[PDB]
Amino acid sequence: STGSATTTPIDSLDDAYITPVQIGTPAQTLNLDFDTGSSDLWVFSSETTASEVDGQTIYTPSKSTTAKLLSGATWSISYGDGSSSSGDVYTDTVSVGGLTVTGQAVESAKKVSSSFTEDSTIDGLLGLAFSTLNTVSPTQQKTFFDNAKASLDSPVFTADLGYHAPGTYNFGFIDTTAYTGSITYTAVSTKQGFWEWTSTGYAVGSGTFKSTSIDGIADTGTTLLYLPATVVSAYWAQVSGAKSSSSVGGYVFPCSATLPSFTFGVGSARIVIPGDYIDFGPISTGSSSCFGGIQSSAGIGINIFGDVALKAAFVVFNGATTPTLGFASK
Ligand SMILES: Cc1ccccc1CC(N)=O
Ligand code: NA
């Protein structure tokens, strides 16, 4: 089997991407944030505290003939940005892009933090990291990918995110029309439950490539590129008037600037992030200070190849017995 779904920016900055997901019978379509940095499929629901819902579409398990309470199971998650949700668990039929899983754990939110409530465009998350991170207790549950894997034509999914445009998530096949050149595969460590890999180095603009190992995660649910402070300083040093602002919470630059590209290594291959991808616009409405898309990881504990980086590539998440990542230009 295979599946193929379009993923769409939630706003003009590509702050996140939503993908329609069918849950239940008859189908209830919710727009979920596909997140390769977490492992819970959770949704706004008929159980979510009413004051914490503001425009989301909700899953109502009582309207699904295939929903079953997973008796005694609870979940609770906290994300890198300080956001959180928790609740109880149903099993139900879940379909993405024509690929169906029966008996998928659907984590129904009873509580969500303010950041979720304030985003009407995101009805929940679909985690695509390793199932060892799933938070369901007392019986840990599998991701949609892990449940689909044995049925897929190939045990893979691919992320092809757009710059200010829709893109695609495919399951079970590699669309050879979706990228240019060849795919370079690189080793993955699953020790922390992430798609963790080692970049071979970087370049700023037309500058020389610096060969250096940068260990980080491929995380579709993180907007920006978070790298070591040395790398980030070297990038922003090439932008007149850029500075790190403690008041704003990262590097800002004059909105009059033209940003250089950023290149990262994948083995002997190179992925180029155009400068425009690194512009996240005014820090507040009407400001002439703009927020940068490359930020320091120093206060995180891990480097994160988030959407800024991933949207510059066709990315293969190879879930074979020994997982690997693949990157191609596009
Ligand atoms: C949308 C999302 C994804 C991962 C973590 C947290 C969020 C909420 C946010 N807007 O900061
Ligand atoms: Na921000």
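Basis: the model, the stated rules and, where named, an outside source; these are not laboratory values. Positions of Cβ are backbone-derived with ideal geometry, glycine not excepted, and every protein chain shown enters the neighbour counts.
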How many residues of region 58-87 are in a loop (DSSP other than H, G, I, E, B), under 20 Å from the mean Cα position of the chain (by Cα) and polar (S, T, N, Q)? The answer is 1
Checked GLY281, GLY326, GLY241, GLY286 against criteria (more than 20 Å from the chain's Cα centre (by Cα) and either within 16 Å of ligand 1 (Cβ to nearest atom) or assigned to a strand (DSSP E or B) (or both)); the one match is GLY281
ask   = Is it the case that some residue within region 144-153 is surrounded by fewer than 22 Cβ atoms within 10 Å (Cβ to Cβ) and in contact with a strand residue (DSSP E or B) (Cβ under 7 Å, 6 or more places away or on another chain)?
value = yes
Out of (1) polar (S, T, N, Q); (2) buried (at least 18 other Cβ atoms within 10 Å of the Cβ); (3) part of a loop (DSSP other than H, G, I, E, B), the one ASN170 does not meet is (3)
Worksheet item: Would you say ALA257 is small (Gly, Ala, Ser), out of contact with any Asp or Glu (no Cβ under 6 Å at 6 or more places or on another chain) and buried (at least 18 other Cβ atoms within 10 Å of the Cβ)?
Response: no
Practice item. Please work out if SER114 is in the same structural domain as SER38 (by CATH) and more than 16 Å from the chain's Cα centre (by Cα). Key: yes
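Quick grid of which residues meet (1) under 22 Å from the mean Cα position of the chain (by Cα); (2) under 16 Å from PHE305 (Cβ atoms); (3) within 16 Å of ligand 1 (Cβ to nearest atom); (4) assigned to a loop (DSSP other than H, G, I, E, B):
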residue: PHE194; (1), (2), (3), (4): yes, yes, yes, yes
residue: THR208; (1), (2), (3), (4): no, no, no, yes
residue: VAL232; (1), (2), (3), (4): yes, yes, no, no
residue: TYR235; (1), (2), (3), (4): no, yes, no, no
residue: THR263; (1), (2), (3), (4): yes, yes, no, no
Within region 210-222, of all residues that are crowded, with 22+ Cβ neighbours inside 10 Å and of a type in the set (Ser, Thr, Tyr), the one nearest to ligand 1 (Cβ to nearest atom) is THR222
Taking region 302-323 and the residues there that are assigned to a loop (DSSP other than H, G, I, E, B) and within 16 Å of ligand 1 (Cβ to nearest atom), the one that is surrounded by the fewest Cβ atoms within 10 Å (Cβ to Cβ) would be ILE302
Taking region 111-166 and keeping only residues that are away from ligand 1 (no atom under 14 Å from the Cβ), among the aliphatic types (A, V, I, L, M) and closer than 18 Å to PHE194 by Cα, one is left with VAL136, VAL156, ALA159
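Conditions (1) among the charged types (D, E, K, R); (2) at negative phi; (3) in contact with a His (Cβ under 9 Å, 6 or more places away or on another chain), marked per residue:
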{"position": "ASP11", "(1), (2), (3)": "yes, yes, no"}
{"position": "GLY24", "(1), (2), (3)": "no, no, no"}
{"position": "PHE34", "(1), (2), (3)": "no, yes, no"}
{"position": "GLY37", "(1), (2), (3)": "no, yes, no"}
{"position": "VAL53", "(1), (2), (3)": "no, yes, no"}
{"position": "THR57", "(1), (2), (3)": "no, yes, no"}
{"position": "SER64", "(1), (2), (3)": "no, yes, no"}
{"position": "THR91", "(1), (2), (3)": "no, yes, no"}
